[PDB]
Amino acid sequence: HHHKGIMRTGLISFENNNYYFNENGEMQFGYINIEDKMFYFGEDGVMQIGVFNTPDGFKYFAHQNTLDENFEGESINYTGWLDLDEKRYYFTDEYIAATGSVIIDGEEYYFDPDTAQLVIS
C-alpha cells in the first residue's frame, strides 16, 4: 500500500457532499456554529438541507439565497408553512418548527414531536 496524511480546513466539497473542517483539520458533526452562522452536519459529516432538531428547537437549514441572502445550508429565519416535498412543517414567530397539537388560522393540526412533520389524513 501507499498512504499520506493530509489536512483539510474550512468549508470543503467532495463531489456533491459539503463538509466543514475546523482549524485542527477535524471534521464536524451535528449542529455547528461556523463564525456565527449555524449549520447541520449528518453523522457522516455531510451537510444537510431540511428541518433538523437542535438545542434551539427544530430549524430549517436551507439552500443559498432562500431568505435574507443566507449561505448554503445555514439556518434561516423562516416563518409560515413550509413544504419540502411530501413533508410539511409550520414555523413559529420564534423561527422554530411547531410541534404537537396547534391551532393555526382556526384549524387544528398535529406535528410529530420527533420530526416536526405534519401528521396528515
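Don't overthink the numbering: it's just position in the shown sequence, from 1.
Taking the mean C-alpha B-factor of each stretch as recorded, 34-42 and 78-86 are not equal, and the higher mean is that of 78-86. Taking the PDB entry as given, 92-100 carries the higher mean Cα B factor of the two stretches 62-70 and 92-100. Remark: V119 belongs to the middle third of its chain, ranked by C-alpha B-factor as recorded.
Sorting the modelled residues of the chain by their CA temperature factor places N24 in the highest third. The deposited CA B-factor of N17 belongs to the lowest third of values across its chain.
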